[PDB]
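Heads up, protein_29.cif below (mmCIF, C-alpha atoms):
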```cif
data_protein
loop_
_atom_site.group_PDB
_atom_site.id
_atom_site.type_symbol
_atom_site.label_atom_id
_atom_site.label_comp_id
_atom_site.auth_asym_id
_atom_site.auth_seq_id
_atom_site.Cartn_x
_atom_site.Cartn_y
_atom_site.Cartn_z
ATOM 1 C CA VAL E 1 138.256 112.419 85.278
ATOM 2 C CA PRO E 2 134.769 111.005 85.922
ATOM 3 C CA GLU E 3 132.096 113.293 84.407
ATOM 4 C CA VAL E 4 130.855 111.878 81.079
ATOM 5 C CA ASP E 5 127.078 112.306 81.489
ATOM 6 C CA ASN E 6 125.846 110.990 84.850
ATOM 7 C CA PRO E 7 125.837 113.450 87.676
ATOM 8 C CA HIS E 8 122.652 112.239 89.344
ATOM 9 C CA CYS E 9 120.071 113.415 86.801
ATOM 10 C CA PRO E 10 121.943 113.433 83.468
ATOM 11 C CA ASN E 11 119.527 112.579 80.987
ATOM 12 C CA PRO E 12 116.534 112.443 82.684
ATOM 13 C CA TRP E 13 115.426 114.778 80.002
ATOM 14 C CA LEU E 14 114.122 111.572 78.573
ATOM 15 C CA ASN E 15 114.837 108.750 80.869
ATOM 16 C CA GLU E 16 112.366 110.180 82.904
ATOM 17 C CA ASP E 17 110.006 110.147 79.951
ATOM 18 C CA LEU E 18 109.812 106.371 80.528
ATOM 19 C CA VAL E 19 112.232 105.070 83.135
ATOM 20 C CA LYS E 20 109.973 106.268 85.860
ATOM 21 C CA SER E 21 107.320 104.077 84.491
ATOM 22 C CA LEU E 22 110.077 101.497 84.222
ATOM 23 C CA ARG E 23 110.879 102.640 87.835
ATOM 24 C CA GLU E 24 107.970 104.014 89.513
ATOM 25 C CA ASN E 25 106.710 100.691 88.661
ATOM 26 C CA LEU E 26 108.749 98.889 91.142
ATOM 27 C CA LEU E 27 105.389 98.687 92.798
ATOM 28 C CA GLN E 28 103.579 101.353 90.861
ATOM 29 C CA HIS E 29 103.562 99.022 87.943
ATOM 30 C CA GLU E 30 101.007 97.699 90.225
ATOM 31 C CA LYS E 31 99.362 101.140 89.761
ATOM 32 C CA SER E 32 98.115 99.179 86.978
ATOM 33 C CA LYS E 33 97.497 95.852 88.503
ATOM 34 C CA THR E 34 96.639 97.724 91.734
ATOM 35 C CA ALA E 35 95.625 101.326 91.058
ATOM 36 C CA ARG E 36 93.889 101.134 87.751
ATOM 37 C CA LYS E 37 91.021 98.672 88.296
ATOM 38 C CA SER E 38 88.715 99.150 91.227
#
```
Written form, structure tokens:
Amino acid sequence: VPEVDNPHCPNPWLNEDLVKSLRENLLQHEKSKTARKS
């Protein structure tokens, strides 16, 4: 059976702690080079 630990938000308890940077950076890593200067 397929159900180890990835439903849709398995361990986002911590992924989210820094994947979202490393994700919401697809173009929010521009947030920096885009939303953090001017």
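Our summary of the geometry notes that CA of residue 38 (chain E) is positioned 24.7 Å from CA of residue 18 (chain E).
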Would you compute the distance between CA of residue 26 (chain E) and CA of residue 12 (chain E)? Give it in Å to one decimal.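 Going from CA of residue 26 (chain E) over to CA of residue 12 (chain E) covers 17.8 Å.
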Just to confirm, what's the straight-line distance from CA of residue 37 (chain E) to CA of residue 16 (chain E) in Å (one decimal)?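 It comes out at 24.8 Å.
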Calculate, to one decimal in Å, the centre and edge lengths of the box along x, y and z of the file that holds all listed atoms of region 19-23 of chain E with 3 Å of margin on each side, and present them as AutoDock Vina command-line options.
```
--center_x 109.8 --center_y 103.9 --center_z 85.5 --size_x 10.9 --size_y 10.8 --size_z 10.7
```
Write region 1-34 of chain E as a PDB file, in the frame of the given file, completed to N, CA and C atoms.
```pdb
ATOM      1  N   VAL E   1     139.300 111.848  84.380  1.00  0.00           N
ATOM      2  CA  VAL E   1     138.256 112.419  85.278  1.00  0.00           C
ATOM      3  C   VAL E   1     136.902 111.756  84.995  1.00  0.00           C
ATOM      4  N   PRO E   2     136.106 111.624  86.032  1.00  0.00           N
ATOM      5  CA  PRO E   2     134.769 111.005  85.922  1.00  0.00           C
ATOM      6  C   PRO E   2     133.688 112.083  85.777  1.00  0.00           C
ATOM      7  N   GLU E   3     133.148 112.253  84.602  1.00  0.00           N
ATOM      8  CA  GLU E   3     132.096 113.293  84.407  1.00  0.00           C
ATOM      9  C   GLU E   3     131.545 113.214  82.982  1.00  0.00           C
ATOM     10  N   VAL E   4     131.388 112.025  82.465  1.00  0.00           N
ATOM     11  CA  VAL E   4     130.855 111.878  81.079  1.00  0.00           C
ATOM     12  C   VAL E   4     129.441 112.455  80.990  1.00  0.00           C
ATOM     13  N   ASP E   5     128.474 111.784  81.557  1.00  0.00           N
ATOM     14  CA  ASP E   5     127.078 112.306  81.489  1.00  0.00           C
ATOM     15  C   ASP E   5     126.200 111.662  82.560  1.00  0.00           C
ATOM     16  N   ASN E   6     126.679 111.576  83.768  1.00  0.00           N
ATOM     17  CA  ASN E   6     125.846 110.990  84.850  1.00  0.00           C
ATOM     18  C   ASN E   6     126.255 111.579  86.195  1.00  0.00           C
ATOM     19  N   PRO E   7     125.643 112.686  86.427  1.00  0.00           N
ATOM     20  CA  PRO E   7     125.837 113.450  87.676  1.00  0.00           C
ATOM     21  C   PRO E   7     124.942 112.863  88.767  1.00  0.00           C
ATOM     22  N   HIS E   8     123.693 112.785  88.444  1.00  0.00           N
ATOM     23  CA  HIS E   8     122.652 112.239  89.344  1.00  0.00           C
ATOM     24  C   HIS E   8     121.355 112.269  88.538  1.00  0.00           C
ATOM     25  N   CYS E   9     121.244 113.267  87.695  1.00  0.00           N
ATOM     26  CA  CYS E   9     120.071 113.415  86.801  1.00  0.00           C
ATOM     27  C   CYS E   9     120.574 113.921  85.434  1.00  0.00           C
ATOM     28  N   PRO E  10     121.351 113.085  84.790  1.00  0.00           N
ATOM     29  CA  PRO E  10     121.943 113.433  83.468  1.00  0.00           C
ATOM     30  C   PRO E  10     120.899 113.538  82.427  1.00  0.00           C
ATOM     31  N   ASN E  11     120.582 112.475  81.933  1.00  0.00           N
ATOM     32  CA  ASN E  11     119.527 112.579  80.987  1.00  0.00           C
ATOM     33  C   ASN E  11     118.314 111.874  81.261  1.00  0.00           C
ATOM     34  N   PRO E  12     117.745 112.653  82.102  1.00  0.00           N
ATOM     35  CA  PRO E  12     116.534 112.443  82.684  1.00  0.00           C
ATOM     36  C   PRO E  12     115.674 113.222  81.777  1.00  0.00           C
ATOM     37  N   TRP E  13     116.307 114.061  80.931  1.00  0.00           N
ATOM     38  CA  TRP E  13     115.426 114.778  80.002  1.00  0.00           C
ATOM     39  C   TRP E  13     114.515 113.764  79.378  1.00  0.00           C
ATOM     40  N   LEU E  14     115.009 112.557  79.218  1.00  0.00           N
ATOM     41  CA  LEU E  14     114.122 111.572  78.573  1.00  0.00           C
ATOM     42  C   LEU E  14     114.006 110.237  79.259  1.00  0.00           C
ATOM     43  N   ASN E  15     114.909 109.967  80.059  1.00  0.00           N
ATOM     44  CA  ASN E  15     114.837 108.750  80.869  1.00  0.00           C
ATOM     45  C   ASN E  15     113.575 108.792  81.559  1.00  0.00           C
ATOM     46  N   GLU E  16     113.471 109.902  82.060  1.00  0.00           N
ATOM     47  CA  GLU E  16     112.366 110.180  82.904  1.00  0.00           C
ATOM     48  C   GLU E  16     111.087 110.029  82.097  1.00  0.00           C
ATOM     49  N   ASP E  17     111.182 110.297  80.830  1.00  0.00           N
ATOM     50  CA  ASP E  17     110.006 110.147  79.951  1.00  0.00           C
ATOM     51  C   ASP E  17     109.497 108.712  80.047  1.00  0.00           C
ATOM     52  N   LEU E  18     110.333 107.778  80.439  1.00  0.00           N
ATOM     53  CA  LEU E  18     109.812 106.371  80.528  1.00  0.00           C
ATOM     54  C   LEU E  18     110.675 105.453  81.389  1.00  0.00           C
ATOM     55  N   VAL E  19     111.458 105.978  82.246  1.00  0.00           N
ATOM     56  CA  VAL E  19     112.232 105.070  83.135  1.00  0.00           C
ATOM     57  C   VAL E  19     111.519 104.928  84.462  1.00  0.00           C
ATOM     58  N   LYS E  20     110.818 105.961  84.679  1.00  0.00           N
ATOM     59  CA  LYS E  20     109.973 106.268  85.860  1.00  0.00           C
ATOM     60  C   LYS E  20     108.757 105.381  85.786  1.00  0.00           C
ATOM     61  N   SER E  21     108.332 105.116  84.623  1.00  0.00           N
ATOM     62  CA  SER E  21     107.320 104.077  84.491  1.00  0.00           C
ATOM     63  C   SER E  21     108.117 102.872  84.902  1.00  0.00           C
ATOM     64  N   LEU E  22     109.016 102.569  84.035  1.00  0.00           N
ATOM     65  CA  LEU E  22     110.077 101.497  84.222  1.00  0.00           C
ATOM     66  C   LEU E  22     110.923 101.795  85.498  1.00  0.00           C
ATOM     67  N   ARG E  23     110.254 102.244  86.531  1.00  0.00           N
ATOM     68  CA  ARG E  23     110.879 102.640  87.835  1.00  0.00           C
ATOM     69  C   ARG E  23     109.834 102.875  88.817  1.00  0.00           C
ATOM     70  N   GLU E  24     109.036 103.830  88.580  1.00  0.00           N
ATOM     71  CA  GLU E  24     107.970 104.014  89.513  1.00  0.00           C
ATOM     72  C   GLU E  24     106.963 102.970  89.213  1.00  0.00           C
ATOM     73  N   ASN E  25     107.483 101.856  88.927  1.00  0.00           N
ATOM     74  CA  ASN E  25     106.710 100.691  88.661  1.00  0.00           C
ATOM     75  C   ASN E  25     107.242  99.598  89.506  1.00  0.00           C
ATOM     76  N   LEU E  26     108.180  99.934  90.296  1.00  0.00           N
ATOM     77  CA  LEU E  26     108.749  98.889  91.142  1.00  0.00           C
ATOM     78  C   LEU E  26     107.564  98.289  91.860  1.00  0.00           C
ATOM     79  N   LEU E  27     106.662  99.147  92.205  1.00  0.00           N
ATOM     80  CA  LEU E  27     105.389  98.687  92.798  1.00  0.00           C
ATOM     81  C   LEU E  27     104.294  99.663  92.399  1.00  0.00           C
ATOM     82  N   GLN E  28     104.581 100.451  91.419  1.00  0.00           N
ATOM     83  CA  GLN E  28     103.579 101.353  90.861  1.00  0.00           C
ATOM     84  C   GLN E  28     103.246 100.803  89.484  1.00  0.00           C
ATOM     85  N   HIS E  29     103.943  99.768  89.129  1.00  0.00           N
ATOM     86  CA  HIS E  29     103.562  99.022  87.943  1.00  0.00           C
ATOM     87  C   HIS E  29     102.437  98.117  88.388  1.00  0.00           C
ATOM     88  N   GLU E  30     102.090  98.335  89.607  1.00  0.00           N
ATOM     89  CA  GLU E  30     101.007  97.699  90.225  1.00  0.00           C
ATOM     90  C   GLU E  30      99.943  98.717  90.001  1.00  0.00           C
ATOM     91  N   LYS E  31     100.341 100.028  90.011  1.00  0.00           N
ATOM     92  CA  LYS E  31      99.362 101.140  89.761  1.00  0.00           C
ATOM     93  C   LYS E  31      98.379 100.613  88.816  1.00  0.00           C
ATOM     94  N   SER E  32      98.928  99.895  87.951  1.00  0.00           N
ATOM     95  CA  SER E  32      98.115  99.179  86.978  1.00  0.00           C
ATOM     96  C   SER E  32      97.454  98.033  87.662  1.00  0.00           C
ATOM     97  N   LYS E  33      98.125  97.009  87.791  1.00  0.00           N
ATOM     98  CA  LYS E  33      97.497  95.852  88.503  1.00  0.00           C
ATOM     99  C   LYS E  33      97.338  96.193  89.988  1.00  0.00           C
ATOM    100  N   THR E  34      96.776  97.341  90.299  1.00  0.00           N
ATOM    101  CA  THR E  34      96.639  97.724  91.734  1.00  0.00           C
ATOM    102  C   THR E  34      95.931  99.075  91.906  1.00  0.00           C
TER     103      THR E  34
END
```
